[PDB]
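Consider the single chain below, provided in structure tokens and representing the form deposited in one PDB entry.
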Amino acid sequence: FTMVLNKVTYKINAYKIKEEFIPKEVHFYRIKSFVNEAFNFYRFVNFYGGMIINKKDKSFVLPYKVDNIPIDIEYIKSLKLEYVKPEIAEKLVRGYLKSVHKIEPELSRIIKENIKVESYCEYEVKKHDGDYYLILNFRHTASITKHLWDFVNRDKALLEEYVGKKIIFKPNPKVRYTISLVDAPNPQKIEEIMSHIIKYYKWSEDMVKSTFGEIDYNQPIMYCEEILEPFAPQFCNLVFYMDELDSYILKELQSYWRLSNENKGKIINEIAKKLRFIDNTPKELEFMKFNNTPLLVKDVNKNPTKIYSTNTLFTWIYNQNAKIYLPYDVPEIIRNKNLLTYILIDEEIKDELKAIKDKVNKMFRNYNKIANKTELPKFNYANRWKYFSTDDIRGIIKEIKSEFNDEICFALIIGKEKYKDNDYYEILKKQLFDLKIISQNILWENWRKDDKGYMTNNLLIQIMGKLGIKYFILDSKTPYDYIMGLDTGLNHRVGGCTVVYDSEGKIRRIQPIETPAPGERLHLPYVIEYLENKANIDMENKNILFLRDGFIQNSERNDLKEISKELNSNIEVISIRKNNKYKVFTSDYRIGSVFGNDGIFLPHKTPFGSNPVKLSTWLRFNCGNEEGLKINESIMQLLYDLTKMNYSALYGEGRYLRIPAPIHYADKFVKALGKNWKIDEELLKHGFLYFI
């Protein structure tokens, strides 16, 4: 039991709901009276804080008794809340608090340059032990007041860099969409879009000019995730969360936006104090601490050696006494090859050419002297030093294209802090890859101050990853033959991606997934069928763990039961949610806990406040059976170990990822494909993270 474990106690944003606000009984009802096709049964029960039992029998459950728009209903049974499954009971208490006790209007009352910032509370109820807790989160939603088209400096390329961002169509800021695709500019469609919204809002033609301004004809025809209708970037606004922003952005802002987890806790406690439904004290929870799992690399004699961090992987570049580390595997496509390298320097930093040259040379000459007489490829950048401007990316692309390589090349981009314009560097990488040039950008200001070799080490880690080099592996082998990260973006040709990891934690495949057919969703049973039949991955007599930011539908459960017996494989699935309502009032990290069946995962150190990752519904399909597994120390350690299989050393908060590498990279590939990056089959098969 818990009396022998290394536990650290920490406060979370869970507050005990008072007795008077917990329903004693749940009540079963069915619609006895007639209902038409436009009835919308799900909305009807959801409004009255209920839940559907059977859609066909029009049966539901309410957290209260109704003594009689609402139609005539038939009472079936009453049941003590205590006899109800914890997951069902939590939602019924939420519905009771929402519908009967009006928690949403009371919460609004408590909380009542070109950025419009809005504040809101989000709530959920959790059953922990025999008690119900309200999860209380306070969020800040900011909106760019300047519209999407002018914001992106009227450039179709900059617009593509916004795929995966949240938007609102100006008149309705209550509907939040996600950019998933673009299209060529058309003056005919621009007229057609305007004419539709004039009709919907009963507008005069004058209204469009008044609302959106001087309309752009050569404007792109944007498209979105939820609605098949065409979008006009001039008519939309970017919407984001202040806590979803990167650390670098946060530094320039005032203290309130970079607040610590402890200080964020003090704000939550203030809302809890004014809320009559809950006790004021936050829930104290016991947390396990994850082990700092070692990594394996090869030594100069190609023998495995224990390493605890990648912070010393390329320390031998500067330090002559530092231990030389060699990769586990280099793909056959780039094995001991002289890669035609390009050195791209931003025009605005031309004065520091002497310091730039001496930095690129001292790094590559020390790398090449070791890359020679080993599997590692060499970088040959002789006479391929070129200047570029962010104002004309197309100009420098026309200069490179003139040289027909038709082979794998590299480009080291030396840039400067241009803020929003930093997306032009991402435009350069994307367009460079269309020409088969893998590239990495670095900010000169930061690299110039790197006297310890820290950034050089991180730059080389990222270059290795982009070249699909399996530098380091996990010291501990898992029961799983495969750990598969899955993201399902799309109603289009390619609807998703699976990033396949082996038992050692190395990328075996970056597998794009084609959607089944028009008018149907990309479900887990179909992904498995696709991997076996169209991707050529042997998935029989295997132990496979799937990682997804999503829940399994009821229809999938039986198909997954059949697939497990058909493959003679153990198929597991766990839900990993980066966007959740939990908050841990601490600056500590490498910690995990379980709150009413949910795993609360806090892996990485952060400069400012950090949000935990929620782990939910760990399922097992084996021998035609379905089994719900309890989130434990074993999986959390495995998930933590997977946040360490990072080659994105130059990005994010520190060395390790917030979310495990298989799911993290699946999401990054889906975004990259949305921004119209090229799909290079050979490279993805070899695990090249060229899109990072």
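Residue numbers run from 1 along the displayed sequence. Take the two forms, find the largest set of C-alpha atoms that superpose within 1.5 Å, and that set is the rigid core.
Note that the form deposited in another entry isn't included here; everything after this is about it.
**Student:** After aligning the rigid core, which of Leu547, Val499, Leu467, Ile179 is the one whose Cα travels 2 Å or more between this form and the one not shown?
**Tutor:** Single residue meeting the criterion: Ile179.
**Student:** If I superpose the two forms on their rigid core, does the C-alpha of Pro304 end up displaced by 2 Å or more between this form and the one not shown?
**Tutor:** No, the C-alpha position differs by under 2 Å between this form and the one not shown.
**Student:** So that I can tell if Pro233 moves, could you say whether its C-alpha shifts by at least 2 Å between this form and the one not shown after the core superposition?
**Tutor:** Comparing the forms between this form and the one not shown, which are aligned on their rigid core, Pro233 does shift its C-alpha by 2 Å or more.
**Student:** Aligning on the rigid core, do we see the C-alpha of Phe277 shift 2 angstroms or more between this form and the one not shown?
**Tutor:** For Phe277, whose C-alpha is compared between this form and the one not shown after core superposition, the shift is less than 2 Å.
**Student:** Comparing against this form, do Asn580 and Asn172 have their CA atoms pulled together or pushed apart in the other entry? The difference is 3 Å or more.
**Tutor:** Closer in the other entry, by 3 Å or more.
**Student:** Closer or farther: how do the Cα atoms of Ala672 and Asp243 compare in the other entry relative to this form, given a change of at least 3 Å?
**Tutor:** Closer, not farther.
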